[PDB]
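Right, one structure below, let's go through it.
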Amino acid sequence: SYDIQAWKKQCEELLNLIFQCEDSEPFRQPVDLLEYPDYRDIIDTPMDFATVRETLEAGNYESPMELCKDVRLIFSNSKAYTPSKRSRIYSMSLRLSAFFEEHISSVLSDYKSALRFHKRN
Ligand SMILES: NCCNC(=O)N1CCN(C(=O)c2ccco2)CC1
């Protein structure tokens, strides 16, 4: 599996699966500050799944590592903002993070393998 470009459709399919998960609904769009007035006091760099999908479709990721860094930021923002490790929305973040890590592992491995094959000689 040495296709250097295959990660992009694989990440599109994984984002589609994430958009079918009920657990993703809080993380699809930005935080309304009328509902969470302190959000930008606590969080430096907002990220949501619609921003990741748009960045991908714009051709503004060079690698699946860059996409993975932005998805992990969604989850670290939730852990940072949560007032409790027993919150509803933080709990949804942890399930969705486990699902995402289970599926992104092969996408990263296959891409890095393809890049090593490209430089083999
Ligand atoms: N359409 C919803 C847009 N997003 C949104 O309102 N939130 C998701 C991100 N947040 C959290 O990760 C979090 C952790 C504990 C409580 O909230 C704040 C709320």
Side-chain angles (χ1 to χ4, degrees), residues 1-19 21-121:
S1 208
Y2 307 132
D3 185 340
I4 299 167
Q5 284 92 49
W7 64 277
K8 179 175 180 175
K9 181 155 202 179
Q10 290 159 1
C11 288
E12 292 167 3
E13 295 160 350
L14 176 53
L15 289 168
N16 288 337
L17 291 172
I18 287 171
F19 272 90
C21 292
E22 279 169 16
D23 277 346
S24 86
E25 185 291 331
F27 311 111
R28 287 174 205 163
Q29 293 298 328
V31 179
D32 221 48
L33 287 168
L34 276 167
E35 292 162 341
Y36 298 93
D38 56 333
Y39 187 70
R40 295 300 303 278
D41 306 343
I42 306 175
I43 307 294
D44 299 337
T45 301
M47 190 51 64
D48 62 69
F49 284 110
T51 297
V52 174
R53 180 178 259 178
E54 286 159 13
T55 302
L56 187 64
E57 180 52 21
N60 289 179
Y61 288 128
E62 183 163 35
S63 72
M65 298 91 70
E66 288 182 346
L67 176 145
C68 188
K69 180 166 158 180
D70 279 354
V71 168
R72 287 167 176 174
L73 180 58
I74 300 174
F75 300 135
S76 60
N77 287 345
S78 185
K79 188 168 184 177
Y81 183 64
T82 190
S84 167
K85 282 180 150 155
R86 295 232 344 247
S87 91
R88 173 65 192 266
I89 296 170
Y90 175 61
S91 77
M92 291 165 80
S93 86
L94 290 182
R95 289 189 298 261
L96 193 71
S97 173
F99 175 83
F100 170 79
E101 291 300 331
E102 174 179 293
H103 287 77
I104 203 64
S105 53
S106 59
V107 178
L108 294 167
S109 293
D110 283 6
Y111 175 77
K112 296 177 176 187
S113 166
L115 233 48
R116 296 189 289 267
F117 188 78
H118 191 78
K119 299 323 212 273
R120 72 192 182 281
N121 293 304

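Excluded from the calculations below are hydrogen atoms, water molecules and symmetry mates; all remaining heavy atoms, backbone and side chain alike, are included. Residues: numbered from 1 along the sequence shown.
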Of the non-hydrogen atoms in [X] and [Y], which two are nearest, and what is the gap between them?
X    : Y   : answer
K8   : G59 : NZ-CA, 4.3 Å
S87  : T82 : OG-OG1, 3.0 Å
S24  : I18 : OG-O, 2.9 Å
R28  : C21 : NH2-O, 3.0 Å
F100 : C68 : CE2-SG, 3.8 Å

Keeping to residues at least two apart or across chains, list the side-chain hydrogen bond (donor to acceptor under 3.5 Å, both in side chains) pairs with something in residues 101-111.
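Listed by first then second residue: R72-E101.
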State whether the side chain of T55 and the backbone N or O of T51 hold a donor-acceptor pair below 3.5 Å, judged by distance alone.
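Yes.
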Could you tell me whether a side-chain N or O of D32 sits under 3.5 Å from a main-chain N or O of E35, the two making a donor and an acceptor?
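Pair absent, no side-chain N/O of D32 close to backbone of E35.
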Side-chain heavy-atom pair [X], [Y] within 4.5 angstrom cut-off:
X   : Y    : result
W7  : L56  : yes
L14 : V107 : no
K69 : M65  : no
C11 : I104 : yes
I43 : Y36  : no
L67 : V52  : yes

Nearest 0.5 Å, please: how far is [atom2] in [Y] from [atom1] in [X]?
X   : Y    : atom1 : atom2 : answer
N77 : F75  : CG    : CZ    : 11.0 Å
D70 : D48  : CG    : CG    : 10.0 Å
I4  : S113 : CD1   : OG    : 10.5 Å
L15 : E57  : CG    : CD    : 11.0 Å

Is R53 positioned over the aromatic face of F19, cation under 6.0 angstrom from the ring centre and no more than 45 degrees off axis?
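Satisfied, under 6.0 Å and within 45°.
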Between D23 and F99, does a side chain to side chain contact (heavy atoms under 4.5 Å, CB included) hold up when you go through it step by step?
CA-CA 10 Å; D23 277 346; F99 175 83; over 6 Å; no
Have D38 and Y81 got a donor and an acceptor in their side chains that come within less than 3.5 Å?
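On atom types as modelled, these side chains qualify, holding a pair under 3.5 Å.
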Are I89 and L94 linked, directly or through intermediate hydrophobic residues, by side-chain heavy-atom contacts shorter than 4.5 Å (ILVMFWY only)?
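Each belongs to a different hydrophobic cluster.
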Shared ILVMFWY cluster between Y90 and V31, side chains joined below 4.5 angstrom?
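No; tracing contacts between hydrophobic side chains, which count when under 4.5 Å, never links both residues.
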For the pair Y2 and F117, name the ring-plane relationship: parallel under 30°, tilted 30 to 60°, perpendicular over 60°.
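Ring orientation of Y2 relative to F117: parallel.
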Side chain to side chain contact (heavy atoms under 4.5 Å, CB included) between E22 and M92, worked out
CA-CA 9 Å; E22 279 169 16; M92 291 165 80; 5.8 Å; no
